[PDB]
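Quick setup: one chain, the form solved without 2-oxoglutaric acid, written in structure tokens, and binding and motion questions come after.
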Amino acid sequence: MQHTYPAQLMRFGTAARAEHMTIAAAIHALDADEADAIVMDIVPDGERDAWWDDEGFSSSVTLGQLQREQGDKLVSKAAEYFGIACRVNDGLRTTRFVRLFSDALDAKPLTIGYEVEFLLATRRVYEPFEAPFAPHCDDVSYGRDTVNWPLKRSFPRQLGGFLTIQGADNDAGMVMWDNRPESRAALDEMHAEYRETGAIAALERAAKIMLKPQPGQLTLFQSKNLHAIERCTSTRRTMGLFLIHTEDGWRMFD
């Protein structure tokens, strides 16, 4: 039997439901399309540093970075990505952060193929950047090189999960819109519309959820929805990964 934690469950256009839930229950609600985001109070004050300094992080290419590459550069970056994951996952799988999900869901690292593992998770440092802050979505199928990207299947309930460790001075958080771009090319066009026009005209019609996750909070959300992290005024630290629910069970990757 599992720990329950204070949770706020958010759906577009609706007041947040406040409940005490297990991690597996929050993840089930998302996978059932019963929530767009859930924010949970996981780590109490004073214990936040221990999750970051966890010895399993000790010893970085992300899948989102791998997806940007094309042709021979995608072959060479895939070699870096998969070669690295194997060096670092032995440590990551022991982290309290990764164990949150392996325990709750019986999750395992996503594998390709012999089977070799995707990278499990990343610690993320956000340094002050004076920009709009950047809207993107995460979908394991969204390689820029459509032909040569080898994960061609989309999971409509793919989740992002990140635990906030240090918050920015200005309390920088996340905006999530009711908009799901259909492909990497669609996001890539949206980026060009932003840089030229300062805006994304399609968004002025979309409902948005603004989230300000605090130190110790885990934010779980449907990562296919467009979203963006606000400009930070000082250092923000988070740890995160993504989840997909496969025929063989829950799988984790970053």
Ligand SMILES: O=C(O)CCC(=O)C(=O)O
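For every residue, the number given is its place in the sequence shown, counted from 1.
In this entry, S59 is separated from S60 by 10 or more residues of the deposited sequence that have no coordinates.
The modelled chain breaks after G113 and resumes at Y114, leaving 1 to 3 residues of the deposited sequence without coordinates.
Averaged over CA atoms, B-factors in the entry run higher in 12-20 than in the other of 12-20 and 240-248. According to the PDB record, 97-105 carries the higher mean C-alpha B-factor of the two stretches 136-144 and 97-105. Per the PDB entry, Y126 shows the highest C-alpha temperature factor of the residues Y126, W177, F162, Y81. Among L63, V43, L30, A202, the highest C-alpha B-factor recorded in the PDB entry belongs to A202. In this PDB entry, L218 carries a Cα temperature factor that places it within the lowest third of its chain's modelled residues. When all modelled residues of the chain are sorted by CA temperature factor, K212 is found within the middle third. Ranked by C-alpha B-factor against the other modelled residues of its chain, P156 falls in the lowest third. Ranked by C-alpha B-factor against the other modelled residues of its chain, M190 falls in the highest third. Looking at the C-alpha B-factors along this chain, the one for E34 belongs to the middle third.
FYI, the form deposited with 2-oxoglutaric acid bound isn't displayed, but the following is about it.
Remark: open binding site. Placing 2-oxoglutaric acid in the deposited bound form onto this structure by local C-alpha superposition gives no atom within 2.4 Å of a backbone or C-beta atom. By the 4.5 Å heavy atom rule, the three marked residues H136, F221 and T238 all count as contacting 2-oxoglutaric acid in the deposited bound form.
In summary, the region of this chain contacting 2-oxoglutaric acid in the deposited bound form, judged by heavy atoms within 4.5 Å and restricted to 87-95, 136-144, 101-109, 180-188, corresponds to 136-144. None of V43, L226, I209, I229 but one reaches within 4.5 angstroms of 2-oxoglutaric acid in the deposited bound form through a heavy atom, and that residue is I229. The single contact residue among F155, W149, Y126, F82, judged by any heavy atom lying within 4.5 Å of 2-oxoglutaric acid in the deposited bound form, is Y126.
Under a 4.5 angstroms non-hydrogen atom cutoff, 2-oxoglutaric acid in the deposited bound form has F162 among its neighbouring residues.
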